[PDB]
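*Asks:* Below you'll find the structure I mean.
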4 protein chains.
Amino acid sequence: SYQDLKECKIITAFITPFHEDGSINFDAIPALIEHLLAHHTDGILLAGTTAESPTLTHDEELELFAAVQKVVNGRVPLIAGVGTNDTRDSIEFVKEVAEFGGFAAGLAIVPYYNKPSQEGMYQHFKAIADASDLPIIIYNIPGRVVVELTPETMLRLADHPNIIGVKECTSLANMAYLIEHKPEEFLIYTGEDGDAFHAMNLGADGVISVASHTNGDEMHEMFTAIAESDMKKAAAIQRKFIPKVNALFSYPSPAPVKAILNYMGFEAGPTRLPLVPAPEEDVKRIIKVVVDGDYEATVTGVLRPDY
Amino acid sequence: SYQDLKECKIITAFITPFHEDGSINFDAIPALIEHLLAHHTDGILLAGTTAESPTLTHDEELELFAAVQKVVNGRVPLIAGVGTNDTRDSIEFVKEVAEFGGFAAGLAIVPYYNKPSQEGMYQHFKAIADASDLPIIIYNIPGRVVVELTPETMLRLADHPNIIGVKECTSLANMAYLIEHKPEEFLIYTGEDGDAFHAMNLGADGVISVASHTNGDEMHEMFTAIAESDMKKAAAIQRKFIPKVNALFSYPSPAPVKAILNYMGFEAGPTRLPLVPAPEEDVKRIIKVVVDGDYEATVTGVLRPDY
Amino acid sequence: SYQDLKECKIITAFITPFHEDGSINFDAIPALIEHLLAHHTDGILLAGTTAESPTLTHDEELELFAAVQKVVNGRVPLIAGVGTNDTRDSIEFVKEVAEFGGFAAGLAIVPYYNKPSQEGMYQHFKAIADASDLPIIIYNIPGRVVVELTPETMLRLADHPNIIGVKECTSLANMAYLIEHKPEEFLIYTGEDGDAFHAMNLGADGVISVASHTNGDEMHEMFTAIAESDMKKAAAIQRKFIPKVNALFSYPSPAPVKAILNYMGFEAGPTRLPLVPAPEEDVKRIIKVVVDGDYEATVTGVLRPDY
Amino acid sequence: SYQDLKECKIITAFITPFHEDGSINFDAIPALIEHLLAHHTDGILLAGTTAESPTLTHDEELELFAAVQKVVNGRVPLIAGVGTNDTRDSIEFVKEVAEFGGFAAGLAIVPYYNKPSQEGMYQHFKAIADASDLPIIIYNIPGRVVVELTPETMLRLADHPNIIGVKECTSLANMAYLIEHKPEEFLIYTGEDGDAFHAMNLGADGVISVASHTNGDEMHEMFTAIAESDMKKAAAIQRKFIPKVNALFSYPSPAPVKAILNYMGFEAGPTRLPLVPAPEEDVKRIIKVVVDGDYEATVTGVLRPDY
Ligand SMILES: N[C@@H](CCCC[NH3+])C(=O)O
Ligand SMILES: N[C@@H](CCCC[NH3+])C(=O)O
Ligand SMILES: N[C@@H](CCCC[NH3+])C(=O)O
Ligand SMILES: N[C@@H](CCCC[NH3+])C(=O)O
Ligand code: NA
Ligand code: NA
Ligand code: NA
Ligand code: NA
C-alpha cells in the first residue's frame, strides 16, 4: 500500500545472483540482503531492470520473491516487478503476485519494443491496475523503451485508486511538474541515481536505486544532509557521487554493479545473455571509481539451464 | 537457406489478424495471404514486429506458422520470427521452429529493453545461430530497441555459416558499408519502406515491408523501374510513396495498416494491448493518403483470452 | 574583475529596445534599467543573445554600453558581450571595449556556424583573453551553436589568469563537474533560468537570466530561500517557475520577453529581422503564464536603418 | 539567373587560400580554379561555409569575387555567399554584389545563432530576395545553424520570382518532397556529398560540393553512370565514396580538404581562427582515405592581419 512505502527514501533495485552454470544463486541472497539492510536500503524492488528480469521466467521471479521474503521478514517493504510489454501477461502475473502476497506494490514498465501510443499506455496500465489487490507503480524510462508517458497521461493514471506511484526516468522538468500536480497518496521516485540529489531537493519521495548496492552510506549521508538543511554537505557529496554513478553505467547495467559486488565478495556472479560481464579492463577502473578498491587478476554471459 | 531467399525483393512482415475477443482470427489468414501473393509479395516474414509478436505466445506463433504454411503451400519462402531479448528463450524457440520445419530462415532482433553491449549482442546471436538447422537473419532496429549492432559486429556475425542476412533499419550510410563488405551467402534487406528506393539503388537485396500489405503493386512498379533502368519512373513513384509510408506509421504500427486492411474488407481486426487501434479521425486520413479511399465512420485494445 | 562579479546572483542579459523604424530606442533604456535594479538584478550583461547582438553593429553596441553606464552609474557591475564567431573581429572589439572601460568582464560565446574543434575553441578563447585588460567569461551553449566546450577544455581555459568565468548551458552533470574542479578566481553561472534552482543547490555562483526582466522578485525569493535553508519554499517557487520559463522561450527569445515588457509599458518594441515579434495568439498566453496578466489585443520584424 | 545555373551538376564551394600570416593568398587562386575546371567543376560557389566566410570581411569577399571572376572569365557560372544572420547586413551586401555583377545567384543561409521562427526566416529571405537584381538560393543546414526551414516555408519562398534554388542539407525525405512540389525555375541541390548519389536518383539538380575539390573525377563518373543508366557502376562508386566524404569531415571542414590540397601542392594554407588545421596524425589518415596518397613529415590557426 501507499502507507507501506510512504517513508521509503532509498529503494534498492535488487540484482539477481547467478551461478556460473546460469541458474539463480539463492545461497548468495541472504548475505546481499543483509548488506543492503546494513547500508540504508529502506525498501527493495525485486525483478526490476537491475535484476535482469528480461532473462528471468515468471516462475523464477516467484522463487526469488519467496527467497527474499524469507530473509527480509517484513523488515522493509517490497515492490515486485510484474509488468512486461504484453498486457495479458502482465495481468496474469500481477494476479499471481497479489495472490502470493507480501508485496507493498507491483512495478509495471512502459511497454518496450512495441512503442504504444499514450492511449495504449493508458489502457495497458489501467488493465494491470484493475487486475488485482496489489497497487501499481508506473516505470517511465524512454532511455530503455524509446516511448514515454507524457505527464498528462501519467496524472490521468495517478487518479486510479490502485496506482500509487511512479519511478520516473525522464527530465527534472517533468519531475517538477509531477510533484506539483500529483494527486493524494501517490509517490514520485526518480530511477536516476545521478539525479537523486536534484529530485529530492525538488520534493520527490526517494530513489529507486542501483548505486545503493555499493554506495548506500554516502547516498544516506546526502539525503540526511538535504533533510537537515546542510545543502553544502549534500552538494559536495553529489558532485563526487556523479562519476561513481557514471562508472556503474559505463558498461550495460548490472554488469558494473555485479563486478563490484563480486569484488566485495558477495558472489553476484555473471550476467545472463544477452548481457555479458564487464571486461577486466573496465572492472579495474569501475572498482577504483565507485568504491576506491584496488582490483587484481574475453567475457562470458550465461544461460538459464535448459534441463 | 540463402538460396531460398536469394531472389526475394518484397518480403511482407505479415500482420496477425485478431478476433474482437482477442483470440487469433485464423479464418481471415487465407484471404490475406492470397491478397499478398496477388500483389507481388515474394516472401513472407511471420511473427515480426508487424505481427504484434510481443503480444503473442510462442505456442500461438507455432499455430500461426502452421496456418500460413497450409495456405502458402510452398509458393513463396517463409521467415519465422524466433528472437526475443532472452537468449535462452530464443535458443529454445528456434530449436522448436527448426523441428517444425518449412522455413527458409529465422529472424532474431537485437535485444530490446536490456540494452546489451556489442559483445553481448555477438554472443546472443552466435548462440541462436549455433542452436539449430535454421539459418538466421539479424534484425537491427535502434528505433525500437535503442541499441544497435555496429557494421563491424554485424560483419563479424555475417561470417557465421548459419547467419545469412540482415534486416537493417539504421541509415543508408550503414547500408552502403554493409553492401560493400558483405561476405558471400549474405542478404541485405532494408526494414524501412521509405528507404526501399535508395537501398535498392545502393545494391540491397530487397525490403522486408509493412507497406506491401496495401501498396504492393506500386512498390513492384518502382522496383521493376529500378531493374529496367527507368530511374525517372522509379523516382516519381518514390516521391509519391513517402507520404504513404508516413501515414502507415502516423499511429503506432500495425494500427494504421490494420485500419486500411479492415477498410479493404480483410478482417485484420483490432490490435492487442498495449497497442490500441488507430483513432477514427486518423483512420479516414490514413486511408485517403495510403490507398486513396473514402472511409465512412474511443478505441479498444484487446487481450489474449485467459481461458 | 572576478572581485567585481563575485557576489552577483542574478545577472540580467539586457534586451535592446528598438523603435518601430528599427533604430535603437535609447529613450526606453533608463526606465528598463531602473526596473531591473528595483527587482533584484545585481549585475547586467550587455550585448548578449537576449540583446539581439547578432543584429547589432559593434558601433551600436558601444553606443548601448555608453547609454547603460550613464544610467547604471556604477551601482551594479556590467558585463560586455564581445565575442563573435570570428577570432580577429573578437580581438579587435574586446580591445575597443577594454579601452572604453567601465566593464567587470567580457562575454565570449563558443563560435557559431563554423563549428570549431576543441583546439579551435581553445586558441579562439586564448587569443581573446590575451588581447586586453578585460577578463573573459566563456559562454557555452550547444543549443545555439551546435558544438560545445568539453569540461576538460573549459578547465584548461579556466587556468588562464584573464579567464574568470563561464555561462554554462549544457547539463547539470557538467555543471557539477565544473563546480567540483574549478580553479580559484573562477565563476560558474548557469545561462538557463529553468536550471537556476538546481544549479544554485549544486554550488553555482548564480544565473545570467532572461526571466529576471519580468520575474526578478520570485527568482530572488527562491534564491533567498536556498540561502536561508528553506528548501521547501525554494522547491515550491521552482515548480511554479518552470512553466513561466517555458513560456518565455515558447517563441524565439527575446520575442516573448519583449511582448511582456511592452505589456508592462516599457517600450521594448519589436525585434530586428531575422527575428519577428511573437504572434498575437501567443502574446496573450505568454503574458497570462509569465506575469498573470490580462492582455487586450501578421507580425513585422524590423531593420537597422540604412541611413 | 536560373538559366545560367540550369545545367550545373557539380558546383564547388571554393575554399579561401590563406597565407601563413593570415592574409588571403590570391596568388594560389588561379591554380586551384584551373584544377577545379579540369576536374568537372561546372559551377563555383564563393564565400560559402567551405570558404570560411565567417572569418572573411565583406570587403575581402568582394576582393575574392574579383580575383576569381578574372580567372574564371565566364567559363562557368558563379554563386556568391551574401547572407548572414543579420537581415540588414545581408540586404546591403547582396546590393553590393548585384552592383558588382558577374554572379548567377546569391546564396543566403538560414540565420545562425539567433534561431528565428519560420515567419522570421520568411521575412529574412523575402527581404534579401526583394533587395537586388541578383536571384537567391536558400541554404538550409540545421547541422550548422540548429533551426531549419520546413518544406512548407521553403516552397512559399520558392514562389518568389527572385528565389531560384535551395542548397538542402536535411533529409532525403525532405529532398523528395521539394523535388515533387517544386515550382518552375527552381533548382534543388544537395549540400551533402555523401547524399549526392541518392539526391540525383531522387531527381535533384546537382550537388554543392566540398569533395569536388579532391574527388571531382569519381563524382562525375558516378553522375555520368546515373545519367547513362549504369546504376551498378554508380552504386559501386558511391559505396567507396562515403568513407572519403567521412574523412573530409573527420575534423572541422575545411581543415581536411585544405590538408589534402596542401599535399597536392595547391597552397591552400592554414585555416583562420577559430578554425585550426587538422592535426598531423589526422592529416596522414585523411590523405590516405580520400586520395590514396602517402603523407610524410600542435597546430596553429591564423588571424586576418590587424594592420
Ligand atoms: N524476456 C521477456 C519475458 C519476461 C518475463 C518476465 N521476467 C521480456 O523481456 O518481456
Ligand atoms: N512479450 C515478451 C515475450 C514474447 C514471446 C514471443 N512472442 C517479449 O516481447 O519479449
Ligand atoms: N551578425 C554577425 C556580426 C555581429 C556583430 C557584433 N554584434 C554575427 O552574428 O556574427
Ligand atoms: N563573422 C560574422 C560576419 C560575416 C561577414 C561576412 N563574411 C558572421 O559569421 O556572421
Ligand atoms: Na492513484
Ligand atoms: Na554467414
Ligand atoms: Na582563470
Ligand atoms: Na522562385
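Letters for chains follow the order of the C-alpha cells (A, B, ...), residue numbers begin at 1 for each chain, and ligand numbers begin at 1 in the order shown.
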Need to verify the contact set: residue 209 of chain C, 10 Å, only C-alpha atoms, exclusion of same-chain residues closer than 6 positions in sequence. Can you return it as number ranges by chain?

*Replies:* C: 9-14, 41, 44-45, 50, 189-194, 196, 216, 219

*Asks:* Residues contacting ligand 1 - anything with an atom at most 8 Å away, using only C-alpha atoms and all ligand atoms - can you give me those as a ChimeraX atom specification?

*Replies:* /A:47,52-58,61,81-86,112 /B:54,84-86,89,112-114

*Asks:* Do you know which residues are within 7 Å of ligand 6 using only C-alpha atoms and all ligand atoms? Can you write them as a list in words?

*Replies:* residues 157, 158, 159, 160, 161, 162, 163, 164, 185 and 186 of chain B

*Asks:* Please return, as JSON, numbers by chain, all residues of segment 49-293 of chain D that DSSP assigns to alpha helix (DSSP H) on the basis of the backbone.

*Replies:* {"D": [58, 59, 60, 61, 62, 63, 64, 65, 66, 67, 68, 69, 70, 71, 72, 87, 88, 89, 90, 91, 92, 93, 94, 95, 96, 97, 98, 99, 100, 118, 119, 120, 121, 122, 123, 124, 125, 126, 127, 128, 129, 130, 131, 142, 143, 144, 145, 151, 152, 153, 154, 155, 156, 157, 158, 172, 173, 174, 175, 176, 177, 178, 179, 180, 181, 196, 197, 198, 199, 200, 201, 202, 212, 213, 214, 215, 216, 217, 218, 219, 220, 221, 222, 223, 224, 225, 226, 227, 231, 232, 233, 234, 235, 236, 237, 238, 239, 240, 241, 242, 243, 244, 245, 246, 247, 248, 255, 256, 257, 258, 259, 260, 261, 262, 263, 280, 281, 282, 283, 284, 285, 286, 287, 288, 289, 290, 291]}

*Asks:* Could you name the residues that touch residue 24 of chain A at 10 Å or less, counting only C-alpha atoms, but leaving out those on the same chain fewer than 6 positions away, as a PyMOL selection string?

*Replies:* chain A and resi 16-18+56+60+63-64+268-269+272+304-305

*Asks:* Select all residues from chain A having any atom no more than 8 Å from an atom of chain B (counting only C-alpha atoms, ignoring ligands), output as a PyMOL selection string.

*Replies:* chain A and resi 49+52+54-55+85-88+111-117+119-121+123-124+143-146+251-252+273-276+301+303-304+306

*Asks:* Residues at most 9 Å from segment 257-264 of chain A, counting only C-alpha atoms, excluding those fewer than 6 positions away in the same chain, as a ChimeraX atom specification?

*Replies:* /A:15,17,32,210-211,213-214,248-249,270-271,277-278,283,286-287,290-291,293,295

*Asks:* Determine which residues of segment 3-204 of chain A DSSP labels as strand (DSSP E) from the backbone of this structure, then write them out as an NGL selection string.

*Replies:* :A and (10-13 or 43-46 or 78-81 or 105-109 or 136-140 or 163-168 or 187-190)

*Asks:* Rounded to one decimal, what separation in Å do you get between atom CA of residue 205 of chain A and atom CA of residue 188 of chain A?

*Replies:*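 That distance, rounded to one decimal, is 5.5 Å.
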